[PDB]
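> Just passing along the structure, written as structure tokens.
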Amino acid sequence: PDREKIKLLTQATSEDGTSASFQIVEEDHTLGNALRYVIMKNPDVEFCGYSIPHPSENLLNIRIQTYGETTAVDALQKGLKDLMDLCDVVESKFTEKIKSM
Amino acid sequence: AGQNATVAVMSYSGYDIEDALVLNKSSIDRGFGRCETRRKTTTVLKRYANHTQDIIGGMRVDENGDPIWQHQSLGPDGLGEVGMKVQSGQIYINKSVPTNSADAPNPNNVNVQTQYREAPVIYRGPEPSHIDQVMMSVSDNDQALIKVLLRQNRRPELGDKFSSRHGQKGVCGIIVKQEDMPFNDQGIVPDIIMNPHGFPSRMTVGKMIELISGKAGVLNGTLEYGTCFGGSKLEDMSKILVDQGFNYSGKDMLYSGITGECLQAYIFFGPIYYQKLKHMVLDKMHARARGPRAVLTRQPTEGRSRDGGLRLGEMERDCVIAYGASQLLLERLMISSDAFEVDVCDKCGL
Amino acid sequence: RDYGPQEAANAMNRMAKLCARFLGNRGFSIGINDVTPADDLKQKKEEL
Amino acid sequence: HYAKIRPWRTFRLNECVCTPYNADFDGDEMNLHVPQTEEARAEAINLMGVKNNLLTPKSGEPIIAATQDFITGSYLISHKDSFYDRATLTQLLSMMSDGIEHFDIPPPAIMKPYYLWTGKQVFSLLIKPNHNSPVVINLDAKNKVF
Amino acid sequence: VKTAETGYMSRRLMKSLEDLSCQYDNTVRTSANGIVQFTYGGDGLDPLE
Amino acid sequence: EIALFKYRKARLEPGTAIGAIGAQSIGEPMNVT
Amino acid sequence: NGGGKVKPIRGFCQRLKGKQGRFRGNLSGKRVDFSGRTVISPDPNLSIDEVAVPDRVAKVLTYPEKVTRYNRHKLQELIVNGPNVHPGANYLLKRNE
Amino acid sequence: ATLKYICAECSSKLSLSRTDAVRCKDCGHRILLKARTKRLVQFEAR
Amino acid sequence: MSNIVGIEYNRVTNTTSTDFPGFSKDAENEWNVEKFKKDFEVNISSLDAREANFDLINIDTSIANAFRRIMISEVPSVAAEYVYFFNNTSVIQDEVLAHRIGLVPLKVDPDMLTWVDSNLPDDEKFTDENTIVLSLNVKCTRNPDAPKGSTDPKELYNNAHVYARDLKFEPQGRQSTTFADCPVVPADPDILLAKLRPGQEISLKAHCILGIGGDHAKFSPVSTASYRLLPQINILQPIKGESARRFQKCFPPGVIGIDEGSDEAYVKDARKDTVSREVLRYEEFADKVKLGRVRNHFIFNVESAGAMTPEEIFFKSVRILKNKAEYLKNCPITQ
Amino acid sequence: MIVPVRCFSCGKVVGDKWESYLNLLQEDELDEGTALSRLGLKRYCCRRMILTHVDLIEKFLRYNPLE
Ligand SMILES: [Zn+2]
Ligand SMILES: [Zn+2]
Ligand SMILES: [Zn+2]
């Protein structure tokens with residue numbers, strides 16, 4: 001339950017899902033590029049970007065401004081666990097083949 | 001003098017911009033472009049007309065078993081030794097001279113010919129160095145002479161002049177981690193990654209050929225001749241390259257250091273010989289808060305080294321007047337410059 | 001000349017902070033054939 | 001300048017302001033000052049400061065602007081032959097201002113043959129990224145190579 | 001060498017003109033308050049803006 | 001509103017030093033000279 | 001004497017006259033304290049109207065502050081770090097001067 | 001050896017008294033250098 | 001376009017993924033799985049002990065690209081970092097010599113250890129099952145056997161070339177008894193650390209510790225890892241005969257193949273070509289040929305230092321990302 | 001001074017190969033690239049350092065303090 005992972009940025013977001021900017025400390029384009037592809041194929045998702053402010057320090061902004069219907073964090077949760085399902089499917093296929101050689 | 005370093009001409013990592021090269025970690029980590037920097041500080045030891053030598057005495061060792069940190073920079077000899085990190089503030093030679101050494105000797109002495117004002121010289125600088133070698137030896141006049149050499153290796157930190165040996169004279173830009181900047185097929189990752197815009201206006205295609213020749217020679221397994229109106233010509237390399245599978249144009253696809261997709265234009269990249277220069281930043285970066293003042297003009301001292309202060313020239317100064325800033329002059333040319341109060345007399349002002 | 005500096009230069013900073021990644025991500029470079037004249041023109045100039 | 005502290009060791013500015021200094025980087029050694037008394041601070045920053053001096057007087061012209069990369073980079077995104085999709089534009093508009101902003105998406109440059117947006121748009125948002133963006137602009141002129 | 005002379009020319013070119021300012025009359029004056037020009041450029045308008 | 005606005009906000013306001021900006025301004029960077 | 005013609009017997013009207021001679025470069029041209037010097041390197045993600053000043057000079061590059069009111073709850077702390085780490089101070093000057 | 005130091009040319013272990021002379025013994029050659037300390041020393045490679 | 005990147009002489013085309021239902025009036029391929037689970041597949045090229053190669057299919061750029069990234073950087077590994085010396089006289093400066101050691105690979109299974117705290121000091125730092133340390137000391141000995149001159153400086157001088165095999169190890173309490181079947185071994189036991197000659201000696205012990213590759217390449221278990229993005233050459237018209245036999249000499253040897261003059265030039269296989277694209281330089285092959293590479297398909301291979309089996313590398317690498325996302329969701333976001 | 005154990009790009013272990021290379025050049029003189037090619041060097045950045053890196057330590061051991 002570490003209170004430092006990501007933070008809702010009140011500066012960027014307005015209200016009610018829609019725009020939400022979540023700066024992930026201690027992470028990189030691995031999770032960003034990996035995740036955006038997942039996120040955008042959730043129907044409600046509209047603008048899911050990310051960037052580092054600068055490689056000169058480790059901080060990672062991720063960005064979702066979407067429609068009404070569901071809520072910002074709900075996307076990141078949903079498609080995030082979807083990215084978990086990715087991981088399982090990956091090891092599912094891969095380790096199957098390799099143990100079967 | 002230099003490295004043979006692989007590069008990809010590209011504007012990647014907009015930290016690049018103008019002439020400013022940019023590098024690869026897990027390469028600098030792998031030993032790319034590293035420099036042992038050696039210096040020496042001699043201290044002459046001469047006898048003084050009082051006939052008392054200038055002495056090396058040292059090794060205090062209070063505290064029950066250790067010499068104080070400031071004085072912990074040695075061993076029982078009383079002088080610097082091999083293989084020690086020395087942080088600035090320490091003693092890399094302890095030189096004790098008699099404070100009466102310059103006095104007028106008389107046809108008498110009794111017991112103490114000591115009276116030493118000891119002036120050991122202190123390593124000063126931002127970053128630890130090493131004493132790996134020292135010399136006690138004599139000059140011609142038969143006097144003790146000590147010479148030590150201090151060294152520190154410099155990982156090529158941000159802001160180092162890197163010549164491309166073809167005329168490209170540039171600073172190392174913001175050091176990339178690893179993944180960022182491309183990799184391509186066999187996964188070969190460029191080391192230096194350099195802006196194209198230098199080539200059009202500086203208008204030098206010689207390097208642009210040199211890269212071709214480089215990717216060639218390795219692939220045939222040769223060094224590559226070139227010389228004025230001579231050396232290996234270009235066309236031959238084409239076949240030389242294509243047979244082994246690289247585009248004769250000397251270009252290839254790469255893949256996004258970040259995104260991991262195809263790069264939207266073929267990139268010209270390969271081997272080029274680079275080199276590292278003097279004017280290492282760590283030498284050059286210079287700053288003060290309140291530094292010494294010179295007795296005659298009572299104000300900051302001259303340039304780098306001794307200590308700081310920087311130059312507002314007239315031609316430099318007056319630029320502020322175009323903005324007409326009253327106080328910026330005062331704080332700048334007065335309150336922070338020479339802080340003084342004259343006392344005068346209304347009647348007959350003096 | 002319209003909206004004043006603070007938002008003006010802001011438009012710049014978002015400009016650059018765009019390009020410095022985008023230029024890089026897409027990629028741009030030179031290549032020999034761009035400098036190299038391809039057959040053709042060398043005959044024209046060669047006469048000229 | 002408002003000074004921001006960062007690691008390593010050197011002076012680092014935003015390249016668009018190079019042209020006043022005509023700094024080629026390379027060996028160039030700047031001269032860094034901090035003031036001491038207060039009134040000189042508000043003086044320098046709020047008068048002599050960058051944004052105020054954004055135009056250079058003699059020409060009555062904005063000396064500071066993008067050079068080199070940022071120009072040619074723009075020329076690629078600006079270029080007519082380009083396009084962008086929902087993803088590509090998204091991550092761009094992100095990378096344009098690293099986060100921190102609400103946005104709005106103008107209708108797609110094209111339609112039933114998929115959907116896209118062109119550079120002219122995605123750059124248009126660079127000027128007016130949002131609703132609440134007070135930067136309503138009309139402009140026209142010749143560039144060079146016309 | 002041209003940059004040499006040019007720099008010098010900026011020094012001197014300043015000097016004779018080194019102090020000239022605009023007063024609240026829209027009348028540019030020197031310092032000791034002899035008047036150099038009445039309405040600046042017949043305009044009074046900053047070439048900058 | 002725009003025109004006369006800018007025109008009014010375009011003026012020398014007192015205290016800005018012209019001579020200096022002119023100083024800075026000039027120098028940089030058949031037979032006749 | 002000497003008399004191999006030592007050149008610069010001159011000490012005075014000189015020391016007041018040209019170049020490093022005071023009344024231009026050592027007086028109107030004063031070499032001023034509280035400064036710093038380094039080479040450059042580009043930072044685009046840094047906004048315009050900044051300069052990245054490296055922490056290592058910030059440690060020695062200081063600014064005068066008169067504490068007031070609002071200041072303590074920052075400044076009372078800013079001491080507890082001390083000169084070593086960056087978000088801190090070094091010199092203190094009391095009200096009793 | 002754990003004694004003090006070495007020649008320049010002759011290159012042999014040699015000690016010295018306090019305030020005696022720098023000339024080596026094995027060789028008449030004057031200059032000489034100092035052996036590396038038997039004391040421990042530490043880096044971190046990275 | 002149909003997972004095939006446009007390949008041209010002056011440019012390349014058709015890049016970003018483009019499978020998601022953002023950009024299409026017909027909105028399809030919206031996430032799910034099953035379509036993907038049952039759709040996604042994989043192949044294996046071959047394996048080594050120290051190197052792996054295989055084939056991947058039906059996924060995007062990103063997650064694979066991440067796998068490369070987290071591979072070359074984030075996967076933890078154990079290597080020498082901190083260095084101890086008992087003197088040294090040798091010619092290499094002890095700095096460089098140090099920088100040489102930890103930069104060598106070491107074959108030992110990670111996860112046999114833990115991470116080390118940054119905080120706790122001194123002896124607390126390097127402890128038992130959380131730590132390794134090795135030592136080497138050799139003094140060169142002039143061999144009384146000197147059959148000739150200018151022979152190898154071993155026939156001159158015994159053990160004048162220090163190798164990785166020369167690197168020995170000190171086990172410790174519970175540190176010894178656990179690795180009995182898996183003693184530490186230094187990658188390639190033959191590597192030149194230093195050269196020297198008699199009267200010269202080096203004594204050292206440096207700590208091999210777990211680390212993360214992104215921070216230093218000496219922590220990379222992976223010499224290199226890359227997905228060569230699979231090309232697909234598409235052919236047009238019979239175009240047979242002599243210049244068709246030339247048409248393969250245009251490309252690398254395996255490439256296409258010549259069945260018969262009438263049976264023209266048939267593709268043997270893809271993936272044997274560097275996409276070096278000079279069917280586009282001669283231009284008379286142009287309209288009868290086109291080029292392509294496939295987004296959905298990945299040539300992939302991994303050069304691993306030899307520490308562990310590279311199949312373990314990639315296999316772990318994903319699970320690290322699983323650990324990452326799983327770890328992340330469970331943490332609530334502050335407001 | 002001695003061949004870096006890993007290259008500046010791949011960082012594949014070079015160290016073993018130098019000796020085996022140099023011997024493979026002296027014993028059985030053979031074409032450079034091909035040597036490396038049948039020594040197992042493919043990547044050219046990996047390759048440059050075997051085609052390059054003049055050894056300075058052997059030319060140093062001429063000079064040594066101890067002799
Ligand atoms: Zn008086
Ligand atoms: Zn001797
Ligand atoms: Zn390599």
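By convention in this document, the chains of the structure tokens carry letters A, B, ... by their order, each chain's residues are numbered from 1, and ligands are numbered from 1 in the order they are shown.
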Check every residue of chain E for an atom within 8 Å of chain D, counting only C-alpha atoms, and provide those that qualify as a ChimeraX atom specification.

/E:47-49

> If you run DSSP on this backbone, which residues of segment 159-271 of chain B come out as alpha helix (DSSP H), and could you give them as a PyMOL selection string?

chain B and resi 198-202+206-220+235-242

> Restrict the distance test to only C-alpha atoms, flag each residue of chain A within 10 Å of chain C, and return the flagged residues as a list in words.

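Output check: residues 51, 52, 53 and 54 of chain A.
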
> Could you tell me which residues of chain F sit within 7 Å of chain E when counting only C-alpha atoms, and give me the result as a ChimeraX atom specification?

/F:10-12,14-20,23,27

> With only C-alpha atoms and all ligand atoms counted, collect every polymer residue having an atom within 12 Å of ligand 2; state the result as a list in words.

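Checking only C-alpha atoms and all ligand atoms against ligand 2 at 12 Å gives residues 5, 6, 7, 8, 9, 10, 11, 12, 13, 14, 15, 22, 23, 24, 25, 26, 27, 28, 29, 30, 31, 32 and 33 of chain H; 66 of chain J.
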
> Would you mind listing the residues within 10 Å of ligand 3, counting only C-alpha atoms and all ligand atoms, as a list in words?

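Within the 10 Å cut-off, the matching residues are residues 6, 186, 187, 188, 189 and 190 of chain B; 223 and 224 of chain I; 6, 7, 8, 9, 10, 11, 12, 13, 14, 41, 42, 43, 44, 45, 46, 47, 48 and 49 of chain J.
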
> Atoms to include: C-alpha atoms. Write the selected residues as a PDB file, in the first residue's frame.


ATOM      1  CA  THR B   6      29.646   3.473 -34.374  1.00  0.00           C
ATOM      2  CA  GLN B 186      21.667  -8.013 -35.387  1.00  0.00           C
ATOM      3  CA  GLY B 187      20.832  -5.574 -32.599  1.00  0.00           C
ATOM      4  CA  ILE B 188      23.909  -3.433 -33.143  1.00  0.00           C
ATOM      5  CA  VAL B 189      23.271  -0.218 -31.237  1.00  0.00           C
ATOM      6  CA  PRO B 190      25.040   2.982 -32.353  1.00  0.00           C
TER       7      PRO B 190
ATOM      8  CA  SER I 223      24.824  -9.566 -24.797  1.00  0.00           C
ATOM      9  CA  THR I 224      22.227  -8.290 -27.277  1.00  0.00           C
TER      10      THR I 224
ATOM     11  CA  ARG J   6      33.098  -6.466 -24.176  1.00  0.00           C
ATOM     12  CA  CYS J   7      32.512  -4.218 -27.173  1.00  0.00           C
ATOM     13  CA  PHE J   8      31.070  -0.691 -27.018  1.00  0.00           C
ATOM     14  CA  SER J   9      27.856  -1.753 -28.738  1.00  0.00           C
ATOM     15  CA  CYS J  10      26.927  -5.389 -28.270  1.00  0.00           C
ATOM     16  CA  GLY J  11      29.199  -5.891 -25.331  1.00  0.00           C
ATOM     17  CA  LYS J  12      29.446  -9.502 -26.363  1.00  0.00           C
ATOM     18  CA  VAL J  13      32.475 -10.971 -24.644  1.00  0.00           C
ATOM     19  CA  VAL J  14      35.517 -10.131 -26.741  1.00  0.00           C
ATOM     20  CA  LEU J  41      32.141 -12.837 -35.020  1.00  0.00           C
ATOM     21  CA  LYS J  42      29.205 -11.553 -37.040  1.00  0.00           C
ATOM     22  CA  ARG J  43      28.186  -8.079 -35.831  1.00  0.00           C
ATOM     23  CA  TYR J  44      30.603  -5.543 -37.281  1.00  0.00           C
ATOM     24  CA  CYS J  45      30.713  -3.357 -34.178  1.00  0.00           C
ATOM     25  CA  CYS J  46      31.687  -6.482 -32.296  1.00  0.00           C
ATOM     26  CA  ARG J  47      34.149  -7.045 -35.143  1.00  0.00           C
ATOM     27  CA  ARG J  48      35.905  -3.680 -35.298  1.00  0.00           C
ATOM     28  CA  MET J  49      37.672  -4.194 -31.991  1.00  0.00           C
TER      29      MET J  49
END

> Take atom CA of residue 245 of chain B and atom CA of residue 231 of chain I and report the distance between them in Å, one decimal.

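A separation of 13.8 Å between them.
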
> Skip residue 22 of chain C itself and residues of its chain fewer than 4 positions away, then list as a ChimeraX atom specification all residues within 12 Å of it, counting only C-alpha atoms.

/A:51 /B:11-14,256,258-259,263-264 /C:15-18,26-28 /D:69-70,72-77,88-89,91-97

> Keeping N, CA, C and O atoms, export the residues of the selection given above as a CSV table (one decimal), in the first residue's frame.


chain,number,residue,atom,x,y,z
A,51,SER,N,4.3,10.5,-21.8
A,51,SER,CA,5.7,10.9,-22.1
A,51,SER,C,6.4,11.0,-20.9
A,51,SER,O,5.9,11.1,-19.8
B,11,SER,N,18.5,13.0,-36.0
B,11,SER,CA,18.2,14.1,-35.1
B,11,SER,C,17.6,13.6,-33.8
B,11,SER,O,17.1,14.4,-33.0
B,12,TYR,N,17.6,12.3,-33.6
B,12,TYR,CA,17.0,11.7,-32.5
B,12,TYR,C,17.4,12.3,-31.2
B,12,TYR,O,18.5,12.8,-31.0
B,13,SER,N,16.5,12.2,-30.2
B,13,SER,CA,16.7,12.8,-28.9
B,13,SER,C,17.0,14.3,-29.1
B,13,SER,O,18.1,14.7,-29.1
B,14,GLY,N,15.9,15.1,-29.2
B,14,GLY,CA,16.0,16.5,-29.6
B,14,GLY,C,17.0,17.3,-28.7
B,14,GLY,O,17.3,18.4,-29.0
B,256,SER,N,12.7,2.0,-33.6
B,256,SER,CA,12.5,3.0,-32.6
B,256,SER,C,13.1,2.6,-31.2
B,256,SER,O,12.8,1.5,-30.7
B,258,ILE,N,12.5,3.9,-28.6
B,258,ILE,CA,11.4,3.8,-27.7
B,258,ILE,C,10.3,2.9,-28.2
B,258,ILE,O,10.0,1.9,-27.7
B,259,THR,N,9.7,3.4,-29.3
B,259,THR,CA,8.4,2.8,-29.8
B,259,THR,C,8.6,1.3,-30.1
B,259,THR,O,7.7,0.5,-29.8
B,263,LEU,N,11.6,2.6,-38.4
B,263,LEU,CA,11.9,4.0,-38.5
B,263,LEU,C,11.4,4.5,-39.9
B,263,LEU,O,11.6,3.8,-40.9
B,264,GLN,N,10.9,5.7,-40.0
B,264,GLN,CA,10.1,6.1,-41.1
B,264,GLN,C,10.9,6.5,-42.3
B,264,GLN,O,10.4,6.8,-43.4
C,15,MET,N,5.8,23.5,-28.7
C,15,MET,CA,6.4,23.1,-30.0
C,15,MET,C,7.6,22.3,-29.8
C,15,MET,O,7.7,21.1,-30.3
C,16,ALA,N,8.7,22.8,-29.1
C,16,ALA,CA,9.9,22.1,-29.0
C,16,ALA,C,9.7,20.7,-28.3
C,16,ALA,O,10.1,19.7,-28.9
C,17,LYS,N,9.1,20.7,-27.2
C,17,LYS,CA,8.9,19.5,-26.4
C,17,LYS,C,8.2,18.5,-27.3
C,17,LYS,O,8.4,17.3,-27.0
C,18,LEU,N,7.3,18.9,-28.2
C,18,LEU,CA,6.9,18.0,-29.3
C,18,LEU,C,8.1,17.5,-30.1
C,18,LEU,O,8.4,16.3,-30.1
C,26,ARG,N,10.1,9.2,-35.3
C,26,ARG,CA,10.0,9.0,-36.8
C,26,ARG,C,11.4,8.7,-37.3
C,26,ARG,O,11.6,7.7,-38.0
C,27,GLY,N,12.3,9.6,-37.1
C,27,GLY,CA,13.7,9.6,-37.6
C,27,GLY,C,13.9,10.4,-38.9
C,27,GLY,O,12.9,10.5,-39.7
C,28,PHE,N,15.1,11.0,-39.0
C,28,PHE,CA,15.4,11.7,-40.2
C,28,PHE,C,16.9,11.6,-40.4
C,28,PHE,O,17.6,11.7,-39.4
D,69,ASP,N,16.7,21.3,-36.3
D,69,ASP,CA,15.8,20.2,-36.0
D,69,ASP,C,14.3,20.7,-35.9
D,69,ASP,O,13.5,20.3,-36.8
D,70,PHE,N,14.0,21.5,-34.9
D,70,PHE,CA,12.6,21.9,-34.6
D,70,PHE,C,12.0,22.5,-35.9
D,70,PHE,O,10.8,22.3,-36.0
D,72,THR,N,13.0,21.6,-39.3
D,72,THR,CA,12.8,20.5,-40.2
D,72,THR,C,11.9,19.5,-39.6
D,72,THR,O,11.1,18.9,-40.3
D,73,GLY,N,11.9,19.3,-38.3
D,73,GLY,CA,11.0,18.4,-37.7
D,73,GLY,C,9.6,18.8,-37.9
D,73,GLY,O,8.8,18.0,-38.5
D,74,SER,N,9.3,20.1,-37.7
D,74,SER,CA,8.0,20.6,-38.0
D,74,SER,C,7.7,20.3,-39.5
D,74,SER,O,6.6,19.9,-39.8
D,75,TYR,N,8.6,20.6,-40.4
D,75,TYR,CA,8.4,20.4,-41.8
D,75,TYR,C,8.0,19.0,-42.1
D,75,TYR,O,7.2,18.8,-43.1
D,76,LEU,N,8.4,18.0,-41.4
D,76,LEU,CA,7.9,16.7,-41.6
D,76,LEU,C,6.5,16.5,-41.1
D,76,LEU,O,5.7,15.9,-41.8
D,77,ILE,N,6.2,16.9,-39.9
D,77,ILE,CA,4.8,16.7,-39.4
D,77,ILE,C,3.9,17.6,-40.2
D,77,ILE,O,2.7,17.3,-40.5
D,88,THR,N,-1.4,7.4,-33.4
D,88,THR,CA,-0.3,8.2,-33.6
D,88,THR,C,-0.5,9.6,-33.2
D,88,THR,O,0.3,10.2,-32.4
D,89,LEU,N,-1.6,10.3,-33.7
D,89,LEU,CA,-2.0,11.6,-33.2
D,89,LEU,C,-2.1,11.7,-31.6
D,89,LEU,O,-1.6,12.7,-31.1
D,91,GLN,N,-0.6,9.8,-29.1
D,91,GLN,CA,0.7,9.9,-28.4
D,91,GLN,C,1.5,11.1,-28.8
D,91,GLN,O,2.2,11.7,-27.9
D,92,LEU,N,1.3,11.6,-30.0
D,92,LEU,CA,1.9,12.9,-30.3
D,92,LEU,C,1.4,14.0,-29.4
D,92,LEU,O,2.2,14.5,-28.6
D,93,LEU,N,0.1,14.3,-29.5
D,93,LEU,CA,-0.4,15.4,-28.7
D,93,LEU,C,0.0,15.3,-27.3
D,93,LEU,O,0.2,16.3,-26.6
D,94,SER,N,0.1,14.0,-26.8
D,94,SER,CA,0.8,13.8,-25.5
D,94,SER,C,2.2,14.4,-25.5
D,94,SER,O,2.5,15.3,-24.8
D,95,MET,N,3.1,13.9,-26.4
D,95,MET,CA,4.5,14.3,-26.4
D,95,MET,C,4.7,15.7,-26.7
D,95,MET,O,5.8,16.2,-26.6
D,96,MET,N,3.6,16.4,-27.1
D,96,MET,CA,3.7,17.8,-27.5
D,96,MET,C,3.7,18.7,-26.3
D,96,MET,O,4.5,19.6,-26.1
D,97,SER,N,2.8,18.4,-25.3
D,97,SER,CA,2.9,18.9,-24.0
D,97,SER,C,2.8,17.7,-23.1
D,97,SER,O,1.7,17.1,-23.0

> Name each residue within 7 Å of ligand 1, counting only C-alpha atoms and all ligand atoms, as number ranges by chain.

B: 344-350

> Output N, CA and C atoms of each residue in that selection to a file, as a PDB file, in the first residue's frame.


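Here's the written file again_22.pdb:
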ATOM      1  N   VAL B 344      32.977  61.296   4.378  1.00  0.00           N
ATOM      2  CA  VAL B 344      33.427  62.554   3.795  1.00  0.00           C
ATOM      3  C   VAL B 344      32.978  63.744   4.621  1.00  0.00           C
ATOM      4  N   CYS B 345      33.275  64.942   4.127  1.00  0.00           N
ATOM      5  CA  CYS B 345      32.965  66.176   4.822  1.00  0.00           C
ATOM      6  C   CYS B 345      32.330  67.135   3.833  1.00  0.00           C
ATOM      7  N   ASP B 346      31.102  67.553   4.143  1.00  0.00           N
ATOM      8  CA  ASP B 346      30.397  68.521   3.311  1.00  0.00           C
ATOM      9  C   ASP B 346      31.296  69.700   2.973  1.00  0.00           C
ATOM     10  N   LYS B 347      31.673  70.470   3.985  1.00  0.00           N
ATOM     11  CA  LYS B 347      32.740  71.441   3.825  1.00  0.00           C
ATOM     12  C   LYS B 347      33.969  70.743   3.262  1.00  0.00           C
ATOM     13  N   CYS B 348      34.542  71.316   2.200  1.00  0.00           N
ATOM     14  CA  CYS B 348      35.729  70.782   1.535  1.00  0.00           C
ATOM     15  C   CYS B 348      35.634  69.272   1.367  1.00  0.00           C
ATOM     16  N   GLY B 349      34.788  68.823   0.450  1.00  0.00           N
ATOM     17  CA  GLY B 349      34.592  67.401   0.290  1.00  0.00           C
ATOM     18  C   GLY B 349      35.864  66.632   0.006  1.00  0.00           C
ATOM     19  N   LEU B 350      36.181  65.715   0.913  1.00  0.00           N
ATOM     20  CA  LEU B 350      37.338  64.839   0.841  1.00  0.00           C
ATOM     21  C   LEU B 350      37.034  63.600   1.664  1.00  0.00           C
TER      22      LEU B 350
END

> Output as a PyMOL selection string the set of chain I residues within 8 Å of chain B, with distances taken over only C-alpha atoms.

chain I and resi 10-13+15-16+61-62+65+69+72-73+87+95+99+103+214-218+224-229+251-252+273-274+276-278

> By how many Å are atom CA of residue 40 of chain I and atom CA of residue 298 of chain I apart?

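Answer for the atom CA of residue 40 of chain I to atom CA of residue 298 of chain I separation: 12.2 Å.
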